[PDB]
Amino acid sequence: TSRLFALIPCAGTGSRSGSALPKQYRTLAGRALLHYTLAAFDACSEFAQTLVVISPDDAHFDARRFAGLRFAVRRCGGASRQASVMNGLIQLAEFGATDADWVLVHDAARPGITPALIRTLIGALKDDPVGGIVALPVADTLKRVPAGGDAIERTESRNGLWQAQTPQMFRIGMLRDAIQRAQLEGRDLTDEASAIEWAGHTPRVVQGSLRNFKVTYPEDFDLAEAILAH
Ligand SMILES: Nc1ccn([C@@H]2O[C@H](COP(=O)(O)OP(=O)(O)OP(=O)(O)O)[C@@H](O)[C@H]2O)c(=O)n1
Ligand SMILES: [Mg+2]
Numbered sequence: 002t003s004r005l006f007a008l009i010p011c012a013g014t015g016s017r018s019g020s021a022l023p024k025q026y027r028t029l030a031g032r033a034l035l036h037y038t039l040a041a042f043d044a045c046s047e048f049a050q051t052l053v054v055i056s057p058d059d060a061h062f063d064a065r066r067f068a069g070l071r072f073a074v075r076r077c078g079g080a081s082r083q084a085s086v087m088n089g090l091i092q093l094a095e096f097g098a099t100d101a102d103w104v105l106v107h108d109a110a111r112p113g114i115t116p117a118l119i120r121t122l123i124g125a126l127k128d129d130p131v132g133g134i135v136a137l138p139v140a141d142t143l144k145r146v147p148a149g150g151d152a153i154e155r156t157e158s159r160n161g162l163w164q165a166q167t168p169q170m171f172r173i174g175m176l177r178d179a180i181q182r183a184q185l186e187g188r189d190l191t192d193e194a195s196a197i198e199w200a201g202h203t204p205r206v207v208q209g210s211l212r213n214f215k216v217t218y219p220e221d222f223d224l225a226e227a228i229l230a231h
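Residue numbers (PDB author numbering): 2 to 231.
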C-alpha cells in the first residue's frame, strides 16, 4: 500500500559545469536537461506525483518547456542539496504523502535515467525495511593524488567500493528524521543514503548504469547529448 513519490532536487547552480545558465536548464538536443529526467518519471504511471524543488530565486524555470509531463514544482530550494531534499520531503505532505510512503530522490543532473532502471530499483527494494540506492562498482584502479598537485602518492584499493548514483529510494518518514538528525549534529552529507547510514540503518545497492552518469563538467554536456538522442 506504500505509494511512490519522486523528488527532483533542482535548486543547484552547477558551478563545476562552467555554465552561466543552471545546468539543469541547459539545452541538450533541442531539449532541456531537466526534461529528460521528468519524462522518465512521467512514463511511470505508478507514481503518485513527481515534485521538483527549485530555488526561491529561480528565474529560469519555464513550465511551458515541460508541458505534457506529470509533475509539480515548488520553490522550497535550500542552500545545500541536503537542505533542498529536506524541504522537499516536508513539501510532499501537501500532495498527500505520508511517512510510510516511498520517496525516490533523483538528481536532475542525471538525464540518462530510464523507466526500466527506475522500476528495477523499485522492484528490488519494495519489500526492504530500509530501501537503497542505484550505484556502480569502482572499475578503475584508484590513485591517491595529494591536493594541490598532479603527483601520484600511491595506489588505493578498490575492493568493495561503489560509486553512488540516483534515484535513492527510502521511506519519507525515515529519511526526513535521518536528515533532521544529521542537521542537528552539524553534518552536511552528500546523499540520502549517508543520512540513512548515520541514522543507524543499512541501505542497499542496485546495479546502476554509466548512462545514468551526472553532468558535472563541460565535457559532460556534449557527451550526454551523444548518450541521449540514441
Ligand atoms: N543547494 C542545492 C545544490 C544542488 N541541488 C541539486 O542536487 C543535484 C545534484 O547536485 P550537483 O551535481 O552537485 O549540482 P550543483 O550543486 O548545482 O553543481 P555544483 O556542485 O558544481 O555547484 C542537482 O540536480 C542539483 O540541482 C539542489 O537542489 N539544491
Ligand atoms: Mg553540489
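Heads up, the beta-carbon is just placed ideally off N, CA and C, and yes, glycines get one too.
Inter-residue CB distance, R4 and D141 (contact presumed, cutoff 8 angstroms): Between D141 and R4 the Cβ distance is about 39 angstroms, and since that is not below 8 angstroms, they are no contact.
Residues near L90 by beta carbon distance below 8 angstroms, same chain, minus five either side: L8, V104, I173, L176, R177, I180
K144 in three-state terms, based on DSSP: strand
Top-ranked residue by Cα proximity to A12, from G78, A230, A73: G78
Residue environment, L126, which counts as buried when at least 16 other CB atoms sit within 10 Å: buried
Option nearest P57 by Cα separation, candidates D100, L29, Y37, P10: Closest option to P57, judged by alpha-carbon separation, among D100, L29, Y37, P10: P10.
Residues of its chain near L22, where Cβ-Cβ distance is below 7 angstroms and the 5 sequence neighbours each way are ignored: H61
Beta-carbon proximity of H36 to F72, cut-off 7 angstroms: A distance of 7 angstroms or more separates the beta carbons of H36 and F72.
Nearest-angstrom Cα separation, counted from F48 out to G124: 13 angstroms
DSSP bridge partner residues for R172 (one or two, in chain order): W103
For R120, the first and last residue of its enclosing alpha helix (DSSP H): 116-126
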